[PDB]
Amino acid sequence: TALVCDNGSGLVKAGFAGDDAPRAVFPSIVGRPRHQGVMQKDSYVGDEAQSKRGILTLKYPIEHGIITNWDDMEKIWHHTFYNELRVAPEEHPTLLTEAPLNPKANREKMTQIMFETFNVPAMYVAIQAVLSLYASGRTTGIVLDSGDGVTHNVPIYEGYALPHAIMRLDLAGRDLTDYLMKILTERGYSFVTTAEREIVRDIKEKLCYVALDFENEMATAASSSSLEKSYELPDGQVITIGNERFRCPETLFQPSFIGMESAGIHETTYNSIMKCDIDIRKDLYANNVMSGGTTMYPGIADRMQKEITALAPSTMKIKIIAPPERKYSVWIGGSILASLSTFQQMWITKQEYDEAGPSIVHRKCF
Amino acid sequence: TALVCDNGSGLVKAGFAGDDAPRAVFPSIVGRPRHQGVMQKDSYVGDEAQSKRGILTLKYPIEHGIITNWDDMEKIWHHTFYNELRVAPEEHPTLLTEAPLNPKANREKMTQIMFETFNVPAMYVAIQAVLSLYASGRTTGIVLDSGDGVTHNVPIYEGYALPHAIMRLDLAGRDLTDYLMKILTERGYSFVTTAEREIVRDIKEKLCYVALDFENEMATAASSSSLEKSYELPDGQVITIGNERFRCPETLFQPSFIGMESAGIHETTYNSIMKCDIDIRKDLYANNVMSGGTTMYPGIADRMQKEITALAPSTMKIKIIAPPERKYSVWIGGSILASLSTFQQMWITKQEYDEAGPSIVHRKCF
Amino acid sequence: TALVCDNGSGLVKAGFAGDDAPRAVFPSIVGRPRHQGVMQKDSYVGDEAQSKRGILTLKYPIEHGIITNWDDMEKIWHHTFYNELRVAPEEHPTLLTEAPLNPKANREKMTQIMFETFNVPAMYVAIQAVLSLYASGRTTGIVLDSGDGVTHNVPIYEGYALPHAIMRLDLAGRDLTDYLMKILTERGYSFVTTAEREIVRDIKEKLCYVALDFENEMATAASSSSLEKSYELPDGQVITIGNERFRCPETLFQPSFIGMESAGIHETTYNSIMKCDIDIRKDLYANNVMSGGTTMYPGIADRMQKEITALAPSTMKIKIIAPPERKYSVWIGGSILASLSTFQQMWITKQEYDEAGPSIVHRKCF
Amino acid sequence: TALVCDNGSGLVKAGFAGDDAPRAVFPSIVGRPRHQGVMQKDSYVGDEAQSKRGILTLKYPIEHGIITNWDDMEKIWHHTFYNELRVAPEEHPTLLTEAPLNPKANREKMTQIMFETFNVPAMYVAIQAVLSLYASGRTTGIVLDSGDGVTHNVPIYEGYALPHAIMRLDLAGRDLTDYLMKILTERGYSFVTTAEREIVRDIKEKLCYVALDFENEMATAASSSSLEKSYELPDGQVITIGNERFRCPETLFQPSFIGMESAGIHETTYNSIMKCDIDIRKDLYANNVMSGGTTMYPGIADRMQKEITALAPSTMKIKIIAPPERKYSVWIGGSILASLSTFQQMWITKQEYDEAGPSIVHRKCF
Amino acid sequence: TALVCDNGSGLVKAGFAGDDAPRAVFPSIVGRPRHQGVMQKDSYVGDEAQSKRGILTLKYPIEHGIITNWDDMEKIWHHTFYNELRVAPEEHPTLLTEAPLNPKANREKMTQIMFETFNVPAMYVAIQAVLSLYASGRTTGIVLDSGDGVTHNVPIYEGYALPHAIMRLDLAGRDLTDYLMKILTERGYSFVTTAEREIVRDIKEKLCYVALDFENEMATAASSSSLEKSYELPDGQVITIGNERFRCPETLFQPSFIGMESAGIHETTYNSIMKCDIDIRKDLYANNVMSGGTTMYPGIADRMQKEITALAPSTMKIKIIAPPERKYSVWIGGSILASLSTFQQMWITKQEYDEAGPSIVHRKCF
Ligand SMILES: Nc1ncnc2c1ncn2[C@@H]1O[C@H](COP(=O)(O)OP(=O)(O)O)[C@@H](O)[C@H]1O
Ligand SMILES: Nc1ncnc2c1ncn2[C@@H]1O[C@H](COP(=O)(O)OP(=O)(O)O)[C@@H](O)[C@H]1O
Ligand SMILES: Nc1ncnc2c1ncn2[C@@H]1O[C@H](COP(=O)(O)OP(=O)(O)O)[C@@H](O)[C@H]1O
Ligand SMILES: Nc1ncnc2c1ncn2[C@@H]1O[C@H](COP(=O)(O)OP(=O)(O)O)[C@@H](O)[C@H]1O
Ligand SMILES: Nc1ncnc2c1ncn2[C@@H]1O[C@H](COP(=O)(O)OP(=O)(O)O)[C@@H](O)[C@H]1O
Ligand SMILES: [Mg+2]
Ligand SMILES: [Mg+2]
Ligand SMILES: [Mg+2]
Ligand SMILES: [Mg+2]
Ligand SMILES: [Mg+2]
């Protein structure tokens with residue numbers, strides 16, 4: 001069987017092709033002690049670093065879909081194969097994922113490590129938005145994939161991708177966490193360390209939601225108190241947040257909140273559709289597929305439906321497809337693809353990599 | 001039974017002799033994907049290419065009645081026999097059509113393909129304007145046949161053709177579509193791709209008409225707004241056109257709109273009659289037969305009646321015969337001819353083609 | 001009853017002896033298609049060829065009273081018996097006519113065809129000018145017979161012919177038609193084909209007349225416009241002719257207009273009278289009988305009266321007998337002769353023709 | 001000195017009497033721009049219109065020897081006098097030419113323009129075939145003159161013309177150009193515009209020839225490829241023609257190729273001789289004089305010799321006189337005639353034209 | 001003196017007629033602050049917006065030759081007259097330019113603003129490709145004008161335009177900048193904001209060039225490193241690009257790189273020549289005039305020469321005219337035209353605009 005590893009900027013999702021859910025889901029972090037030992041490992045990975053984060057400096061080796069720390073990334077891959085999955089990587093072909101419009105050297109270093117450090121027999125790097133469409137059982141649709149580092153739109157029609165219409169936005173979950181950390185200081189809550197950033201991320205996943213109309217919601221939060229929620233910190237302190245619950249996800253639709261010039265995910269989706277041929281726009285309007293953890297906010301599909309309806313012609317039927325399992329859509333689609341008999345010829349074996357060089361990894365790549 | 005295939009520049013009309021309507025009417029197009037596949041056939045033909053035109057480059061194998069892409073033309077013939085008609089071509093004699101004054105090699109290659117690729121038992125290539133006269137139940141008349149590529153006038157009197165009076169004009173429906181694409185840019189509508197050319201052709205068939213007096217109609221469209229019509233594009237956008245509705249078909253009467261030096265179809269019809277013997281002109285004046293899709297504009301028979309009346313002597317009775325089924329007149333006449341018992345000796349069998357060579361196909365051909 | 005067939009160079013006049021008018025009068029033409037058939041007979045005869053002359057080449061089998069195309073002449077005789085008269089020629093004796101001073105083989109071939117192809121029981125070939133005198137109820141007079149091919153003068157006195165005084169002129173209606181075609185080019189009217197020659201013949205029969213004084217009429221046509229007449233062509237075009245109306249028949253009196261050296265019909269008539277015995281000239285002067293279609297011009301009897309009066313002595317009484325039915329005088333006289341009881345011994349039966357050979361047909365023949 | 005202007009349907013040949021060649025030879029065309037000027041004259045004449053024909057509509061003011069556009073004909077005469085010859089027409093008597101059997105008003109309008117617009121002192125309109133006989137130094141012969149519009153036969157014997165034997169055929173070089181344009185479509189070459197008609201005329205003058213035996217030549221062209229010739233178009237495209245080289249001039253001998261009913265130039269020449277007196281036919285048989293550009297095909301004199309030999313009695317000596325300068329024979333003969341001292345009394349002066357009216361111009365005219 | 005303003009999609013070029021270079025050349029941009037002021041104008045135009053682009057959102061009011069933001073376009077015209085040229089527009093006639101095949105309302109709004117907002121005495125809207133031909137001192141040639149928004153081919157022959165042969169391509173410098181921004185992400189360089197798009201445009205103008213053979217150049221860049229160039233960003237960062245230098249301009253010859261279906265500028269130029277009359281193609285082949293900033297790539301004339309030579313017949317002489325000043329050819333030609341004495345009647349004065357309405361501005365317009 002093949003291994004399917006979805007290395008996101010935030011979470012590692014690994015498992016075996018044919019399964020319906022990842023077997024190993026843990027944070028893509030490496031923690032190192034920032035104090036002096038007096039009485040123990042030198043670095044902690046994943047959930048181990050998450051339980052000891054009080055005395056660690058946590059670092060993400062992947063930033064905006066681009067692997068920046070290759071020594072830390074190998075520790076995470078090593079822990080994925082030997083600790084979480086407990087397999088020998090030299091026996092399973094490995095399907096990896098990558099965001100579109102990434103640097104070419106990122107995929108070439110991933111391939112060199114898998115073939116020369118882990119000695120995988122074969123491997124393949126798929127585009128995350130294409131796997132997300134396999135998971136929904138579709139061949140046509142525009143995928144909005146938003147994870148921890150990257151948000152991207154990829155339109156696909158009858159199995160054909162339109163690379164010139166691909167949009168990429170370096171604004172996802174990690175930027176929303178940093179913005180929530182900033183606006184929490186308005187109530188006197190100070191989260192500074194990398195360990196406290198993990199607390200704010202947990203606050204974001206529990207209490208944040210997308211408002212249907214942002215200006216009406218800002219007036220409701222300023223008048224009454226029905227939007228206030230409480231949250232208990234790990235040390236028993238209780239914090240209460242009001243309009244920060246919907247001001248944080250609103251950055252997805254108004255990136256100027258964090259000083260970005262780009263348009264929101266609704267205009268970016270609409271602009272990607274308008275770059276496509278006029279004859280396929282009607283099918284793309286009816287097949288807006290959402291995937292990734294950053295699309296898991298309550299009310300984001302209704303807000304997305306409302307914003308694109310206002311941009312598109314009134315005759316078009318806008319349909320946002322947001323399954324409840326869309327947090328694992330890239331992995332589930334990769335599990336489906338790696339099990340197809342037609343795909344078994346797409347593997348890049350170790351023999352082909354030695355004779356064709358690193359240039360063989362850029363096939364069907366955009 | 002015999003097969004009747006009317007291969008126009010725009011549409012394929014195929015069926016069985018004895019029927020009153022073609023069984024298969026689909027566009028004579030071959031589409032090939034112009035993007036990268038990521039998830040499918042290599043080429044699409046006919047209505048299949050029309051429904052996927054968003055991701056295809058559409059090409060017509062026939063241009064101005066002359067087959068230019070013989071590999072694509074065989075795909076269309078193959079799809080006609082096996083997909084649309086679902087017959088074995090080696091069991092039915094095939095009646096084909098052709099515009100007059102075509103290159104000799106065009107008919108010789110059509111015959112070689114039908115005998116050596118499809119292995120038809122017998123075949124015959126008729127002149128389209130002669131079949132159009134069979135459809136109207138006449139033996140005398142001048143036929144104005146205008147399709148997608150060619151407009152031609154063929155005068156016939158008591159079953160005798162006058163080849164020296166045959167006029168051919170490389171200006172038909174496809175040139176009107178290209179001219180409509182050009183004048184639509186005056187309102188800011190940009191149709192560029194081959195798929196968008198199919199949208200403009202659909203606009204032309206729905207909204208364009210022939211003005212009785214062009215200068216009076218240009219003054220009416222410039223003063224009020226009663227001539228404005230709206231049309232919804234496939235993506236919900238609504239376009240509104242005014243004088244473009246009658247400026248596009250006016251090119252048939254003023255070919256200088258597209259930079260051509262020839263005279264309009266009314267003068268060409270009159271010049272063809274004046275090249276005939278004086279004793280038959282009165283019968284030709286009363287039997288102007290229209291055929292083809294480009295004669296389907298509302299008001300073209302009244303305009304044709306008005307223009308030829310102004311050219312002919314005032315004592316002559318000008319009568320334009322334009323039946324509502326004239327879009328299929330060539331096929332209907334070919335169905336009538338292929339069912340005549342007298343015609344059963346006109347078939348060019350496979351045996352005659354082997355002993356007489358390709359020169360046998362140029363009999364009763366002009 | 002007997003058949004009377006007057007085979008002129010221009011018209012066939014056939015009927016039954018005892019009647020007062022021919023039952024079948026149609027042009028002596030055979031037309032053959034000069035174009036390609038695409039949708040019909042191989043040749044057309046008589047009025048059928050006249051209605052389809054637009055697509056035919058028309059040929060006269062008789063030229064200057066001499067049958068030149070014997071295959072076409074048999075088609076005309078066949079159509080006369082079976083289509084126009086609808087009789088069996090093997091049951092009726094046939095009276096035929098012939099111009100004087102014809103080749104001997106012309107009458108011998110006519111007799112061989114009537115006896116061996118149509119199997120007539122008996123036949124007789126009369127001289128046309130003698131029949132013309134029977135029609136006027138006379139035994140004395142000089143007959144001026146002018147048809148389509150031949151003009152001839154035959155003087156007869158008390159039932160006796162004077163063959164040495166017979167004049168023959170190869171100038172008749174067909175030469176006048178050709179001359180009218182030539183002088184019509186002076187006004188820009190171009191009649192070239194054999195079908196257009198039939199149009200000019202119709203113009204000649206409607207608008208041409210004989211001027212009493214040619215030089216005074218030429219001055220009147222050159223000064224005013226009262227002699228101009230209009231004529232509508234079969235295609236609606238209107239032509240206008242002035243002095244051509246009387247210049248065409250003037251060729252009969254001035255054969256030098258068409259390059260002939262002979263004298264006009266007035267001098268030829270006078271020369272024929274002066275070749276006769278002096279004692280019969282007074283009776284011939286008073287009995288100038290006109291016959292044939294070429295004597296049907298308005299004013300030809302007054303002009304003939306004026307010209308012969310100027311040549312003859314002033315004491316003689318010149319009387320031109322021109323009945324209104326003189327276009328059929330040869331047939332009417334043949335109908336009278338074939339009904340006489342005295343003539344019933346003059347028939348050349350099939351039995352006499354077999355035993356006496358072809359030489360029996362030259363009896364009372366000049 | 002006198003001016004000699006030979007206004008043919010195709011070329012203008014002008015010069016001074018006494019010279020042996022025309023000083024000005026240019027096409028008789030008037031071109032007008034058929035596009036929009038954005039950056040120039042309103043009309044171009046002659047060689048100027050020929051060098052700018054790409055953006056012009058070219059029109060011939062003379063069609064079949066008959067001046068149809070009198071405003072354009074005056075531009076050509078104006079350019080002849082002031083630009084090409086650079087003379088004052090009010091100082092030189094002008095000898096003009098005309099085809100026989102032309103409309104009377106054509107010569108009367110030419111005379112009115114020369115006397116009232118150009119104010120020539122005297123003028124004379126000669127018959128083209130008579131001038132062609134002056135050029136060959138003969139007084140007896142039948143002239144076959146074939147130019148761009150008209151082909152005509154004029155027999156002359158000892159200085160006497162036989163007008164009744166004059167044949168005129170509206171089939172010359174321009175009809176051969178149009179027929180070559182038609183049969184070039186058999187190889188896929190499309191020449192449509194008036195500018196492209198000038199290209200086909202240049203092809204005809206370079207590659208066309210008269211076959212000695214047409215059926216043997218058709219078999220040679222269909223078997224091998226030795227008759228194929230190449231020709232480079234003005235834009236670098238190379239066309240190759242085979243049997244079209246001799247099928248185009250064959251129309252002169254088989255006018256049915258273009259749907260004409262008349263006989264070829266060989267039968268027309270023979271028919272003209274047979275209309276002449278029997279005593280002069282032997283001299284006409286030995287003096288067949290060819291003139292005009294349409295007699296410049298290679299092998300037309302040998303073919304003409306062969307065809308007339310087959311029609312004439314075997315004892316007659318058929319001699320076709322075709323000098324290499326016969327393209328200018330009408331002008332050269334007009335230069336000889338205008339220099340004769342005997343001719344100096346034949347001029348129609350301006351004084352005679354005012355007192356005698358337009359009727360004076362029809363003297364020695366047929 | 002007259003004002004000549006060449007409003008391109010990218011640059012404004014303004015000056016006075018009679019000068020040899022524009023006096024004011026600045027970017028056609030309007031920038032507005034996208035941050036909060038704490039310590040200043042509300043919008044910046046031209047070079048002022050370019051020096052403060054760090055805190056601005058830059059917008060082009062002209063997109064693909066079509067003015068989309070009319071309020072911003074008036075700010076640019078206002079800054080052109082009063083700041084850059086420092087004149088009173090109510091005293092100078094203004095010559096404006098426009099791309100062919102533009103919407104009719106674009107030119108009508110430009111005229112209404114110049115007459116009612118700036119109160120110019122007269123104005124004229126010329127076609128840019130016609131002015132480019134004035135600059136090269138020619139009357140014949142096909143102009144390839146490629147600026148920031150539009151690429152168009154206009155063939156002109158002897159001062160006559162052929163509007164039916166005009167090609168327009170919505171692919172120019174701005175699309176090349178966007179494509180360079182996309183392929184720079186392959187090396188890890190992220191340019192996203194509108195201010196960073198101006199940095200990429202500066203990279204394109206310094207380092208990009210057209211490869212003579214694209215496939216050989218791709219092999220050279222992949223083997224060695226001689227094609228690598230370095231560029232210093234405004235903040236001191238140094239980027240290095242290799243094959244992106246010639247992959248960006250290659251989009252002009254392979255528009256499929258950016259997902260466009262149209263053919264490259266070489267085939268578009270050849271197709272425009274083949275739509276012209278055959279007699280003018282040789283002159284168009286020798287006079288390919290390049291203009292605009294997008295034709296300023298090193299090696300584009302040699303590549304254009306090589307591509308058209310492969311399409312045209314081998315006998316034709318292909319000559320690409322690319323002067324070193326072709327970046328200002330439209331302005332220089334407009335300065336020449338506005339100084340011609342013949343042009344002084346072409347001005348559309350304020351009086352004519354009031355009585356004739358907005359329809360007067362569409363004269364000599366295509
Ligand atoms: N219920 C939730 N609501 C909002 N955000 C969530 C939720 N669950 C996860 N996320 C966010 O999703 C982001 C990453 O999810 P994932 O799709 O795994 O991205 P990646 O593929 O980059 O690892 C994290 O930043 C996390 O904060
Ligand atoms: N209702 C209509 N009005 C105007 N044009 C039409 C209409 N229907 C069809 N056409 C035109 O007729 C053309 C071809 O019709 P057809 O007679 O099938 O030609 P062909 O025989 O060349 O295929 C097409 O260009 C199409 O645009
Ligand atoms: N009304 C008429 N006026 C002048 N010519 C006439 C008239 N009617 C007939 N003809 C001429 O008479 C000629 C033949 O008449 P017809 O006496 O039948 O001669 P034929 O006996 O040779 O057939 C034709 O050429 C025709 O043109
Ligand atoms: N070498 C040649 N071969 C064949 N045809 C020629 C040649 N030269 C000229 N012609 C033809 O001669 C025709 C006219 O010649 P010309 O005698 O000047 O006639 P016109 O007197 O009517 O102007 C033109 O149609 C031209 O095509
Ligand atoms: N040296 C150069 N090399 C390549 N492109 C250039 C160069 N200089 C200018 N350009 C490009 O030319 C384009 C616009 O130039 P211009 O001719 O002024 O167009 P417009 O008339 O549309 O303003 C810009 O996109 C710019 O990038
Ligand atoms: Mg992800
Ligand atoms: Mg058709
Ligand atoms: Mg008779
Ligand atoms: Mg001539
Ligand atoms: Mg520009």
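Sequence lines set the chain letters: A, B, ... in the order given, protein chains first and strands last, and positions in each chain run from 1. As a basis for the values below, the full set of heavy atoms in this structure was taken, side chains included, without hydrogen atoms, waters or symmetry mates.
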| request: Kindly compute the distance separating CG (D/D235) from CG (E/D283), expressed to the nearest 0.5 Å. | output: 12.0 Å
| Within residues 312-321 of chain E, residues adjacent to chain D where the heavy-atom gap is under 4.5 Å | E/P313, E/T315, E/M316
| For E/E158 and D/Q40, which heavy atoms make the closest approach, and how far apart are they? | O-OE1, 3.7 Å
| request: Give a yes or no on whether D/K229 atom NZ has more than 12 heavy-atom contacts from other residues, nucleotides or ligands under 6.0 Å away. | output: no
| note | So, the part of E/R363 with a heavy atom under 4.5 Å from chain D: the answer is neither
| Atom group of E/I156 that falls short of 4.5 Å from chain D, counting heavy atoms | side chain
| task | Look only at the side chain of E/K364 and the backbone of D/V38, and say whether a donor-acceptor pair between them is shorter than 3.5 Å. | result | yes
| field | Atom NZ of E/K104 with >12 non-hydrogen neighbours under 6.0 angstrom | value | yes
| message | Tell me the closest heavy-atom pair linking D/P33 and E/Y160, and the distance in Å. | response | CG-OH, 3.3 Å
| task | Would you give the length of the straight line joining atom CE of D/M39 to atom CG of E/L340, rounded to the nearest 0.5 angstrom? | result | 9.0 Å
| field | Atom pair CD/SG of D/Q36 and E/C365 - distance to nearest 0.5 Å | value | 11.0 Å
| request: Below 4.5 Å from any heavy atom of chain D, which atoms of E/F343 appear? Answer side chain, backbone, both or neither. | output: neither
| said: I'd like to verify something: which residue of E/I280, E/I278, E/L162 has the highest number of heavy-atom pairs under 4.5 Å with chain D? | reply: E/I278
| task | Report, as yes or no, whether the 6.0 Å neighbourhood of atom CZ on D/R187 holds more than 12 heavy atoms from other residues, nucleotides or ligands. | result | yes
| request: Please report the shortest heavy-atom distance between D/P234 and E/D279, naming the atom on each side. | output: CG-OD1, 3.4 Å
| task | Check each atom of D/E198 against the heavy atoms of chain E and say whether the ones under 4.5 Å are side chain, backbone, both or neither. | result | neither
| query | Can you tell me if NZ on E/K275 sees more than 12 non-hydrogen neighbours from other groups inside 6.0 Å? | reply | no
| message | For the NZ atom on E/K109, are there more than 12 heavy atoms of other groups (residues, nucleotides or ligands in this structure) within a distance under 6.0 Å? | response | yes
